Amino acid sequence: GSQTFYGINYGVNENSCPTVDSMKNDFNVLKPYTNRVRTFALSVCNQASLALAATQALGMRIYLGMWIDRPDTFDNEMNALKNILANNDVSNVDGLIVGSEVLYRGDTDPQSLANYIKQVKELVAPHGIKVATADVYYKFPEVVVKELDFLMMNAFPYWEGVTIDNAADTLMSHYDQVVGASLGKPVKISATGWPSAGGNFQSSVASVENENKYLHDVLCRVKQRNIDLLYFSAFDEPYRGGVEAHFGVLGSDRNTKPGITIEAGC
């Protein structure tokens, strides 16, 4: 069952940073279901350095994310990347995700993002690390795609008001659109998930039964087409509030969630 998830997204509380041992304990709980995790920032809580130590001690692999929005974050994250290359083994890194939903938010223009990606690639390619960026299905302009090794899609049919019966079918449809913008490069999925509590979004209903269904459907669909998927997310995160506090496969105290069965639908 350590093949059930290709990988899993792992959240971090910036106002209450973990330790190496605390990360090791967290990743340990996940080991029966996966061998791979993903972090969202390099410098924040020094999380990238600590997660490399934790994954390596446990024999696991990792995707490393760079968090860029405000102008200063471009300098800070690049300096953190340089420190990582000098202070860490990186042989267990499957990719570097340069920004997440940068174009969706309008943090910067397409040409500027392409230039930053180009600089990142020049630094890590001799270390043997492939580069991507993550964004919504309608935000992959050619000028950005030209600089990538591969593409990663964030897509949540829940935030689209899509009903649970149609949700995984819609995910796959959005995937086909990213392929259309891919220039023939490989396409992966960096994030999708479904909340267990916190109300509804139009016809999209939040419940334990629905998260269970969505998990089964997506795992089946990506297996049929040989698509690599990072599920969102590992544990519930209360400090986000409301619906955003209920995306975990497991609970906030690292116990299992009653009603969730971890398995693929085919």
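All residue numbers are counted from 1 along the displayed sequence.
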Practice task
Would you determine, from the values in the PDB entry, which of 215-223 and 46-54 has the greater average C-alpha temperature factor?
Solution key: 46-54
Handout entry: Given 74-82 and 188-196, the range whose Cα B-factors average higher in the PDB entry
Key = 74-82
Completion exercise
Based on the PDB entry, the highest CA temperature factor among the options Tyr239, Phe235, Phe40, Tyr63 is that of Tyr239
Practice task
For the C-alpha B-factor as written in the entry, point me to the maximum among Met153, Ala114, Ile97, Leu123.
Solution key: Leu123
Completion exercise
Quick tally, chain-level thirds of C-alpha B-factors: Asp149 sits in the lowest
Exercise for the section: Select lowest, middle or highest to describe the third in which the CA B-factor of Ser91 falls within its chain in this entry. Expected result: middle
Exercise for the section: Give the position of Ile260 by CA B-factor within its chain, expressed as the lowest, middle or highest third. Expected result: highest
Exercise for the section: State the tercile, meaning the lowest, middle or highest third, of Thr133 with respect to the CA B-factors recorded for its chain. Expected result: lowest
Problem - Chain-relative CA temperature factor third for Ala167 - result: lowest
